[PDB]
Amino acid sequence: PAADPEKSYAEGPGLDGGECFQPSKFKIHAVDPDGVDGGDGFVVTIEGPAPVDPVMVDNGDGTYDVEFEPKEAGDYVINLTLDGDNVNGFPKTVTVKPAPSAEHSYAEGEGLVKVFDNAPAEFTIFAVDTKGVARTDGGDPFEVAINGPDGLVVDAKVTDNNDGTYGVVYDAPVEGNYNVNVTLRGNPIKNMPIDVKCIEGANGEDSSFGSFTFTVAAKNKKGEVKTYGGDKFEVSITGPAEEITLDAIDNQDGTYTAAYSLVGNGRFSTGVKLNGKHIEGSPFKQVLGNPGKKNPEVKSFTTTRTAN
């Protein structure tokens, strides 16, 4: 029970793709039709954008272990013959891919710059190959360890963007320092690791208008800006206000100022007089909050302040 060319396959990781300095293994399974223990007709040759002498470490039972490691290139032909016959696998062609580079690959994003404690930090890893070019696709094993305040671990989420890019996300609940180490093949890649600062983070949507100020520039009978004060200055705000505080100030230099902290739900109208006459565009209307969720047991009063 000498061999069969045909009913005897071959299989393995490495007759399916490749990588620049990584070993490419596969296994021959000799059959007659069925079964097997160490006859020796098989022979492998590999031509491609290099030379490649492949080892056929061979036999025991009717199996054979072949390995070759491509030295950086794309497509390789593999011919598997049995006593000068084509095994029921071949000829067959694999495509070897370049190899990513530990310090030819970097990361950018606001995630390695400056992080708030109430919004997710982002950034991208950039995959370069051995030579210099940038990786087309993915399947490269990059890793991301995050160690923040109080040493504690932070679980980053790496997303294979199928190009030679991977997206990174993480949450930094506490203000503190965060060490972000991004290794390739367990080797800290471009300028990795690196500290990152996270600070307390304003929360827009729940954030409040405090105070307001508007200034008038008093005009005299000539049509020029006055240069001292002295005029009667009255500011009237009218609306619904769980709270108010208003100010009518004579900045004693030609101008008058109103300073007020107003809070409520609705639309508002402020009357402004200089010597008992409205200024150009008084009153003026505006709106803060929402006239809905607004209280019922609210009046709509009129606050007044006057200056000497």
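Start at 1 and count along the sequence shown; that's the residue number.
The gap between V36 and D37 holds 1 to 3 unmodelled residues of the deposited sequence. Per the PDB record, of the two stretches 217-225 and 145-153, 145-153 carries the greater mean B-factor over its C-alpha atoms. As recorded in the PDB entry, 85-93 is the stretch of 85-93 and 109-117 with the greater mean C-alpha temperature factor.
Looking only at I199, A202, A172, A73, the residue with the top Cα B factor in the deposited structure is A73. Remark: of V182, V235, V168, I78, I78 shows the highest value [criterion: C-alpha B-factor in the PDB entry]. Among all modelled residues in this chain, the alpha-carbon of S269 has a temperature factor (C-alpha) in the middle third.
Among all modelled residues in its chain, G230 ranks in the lowest third by Cα B-factor. In the PDB entry, a CA B factor belonging to the highest third of its chain's modelled residues is recorded for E297. Split the chain's modelled residues into thirds by C-alpha temperature factor. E103 is in the highest one.
Among the modelled residues of its chain, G62 has a C-alpha B-factor that falls in the middle third according to the deposited record.
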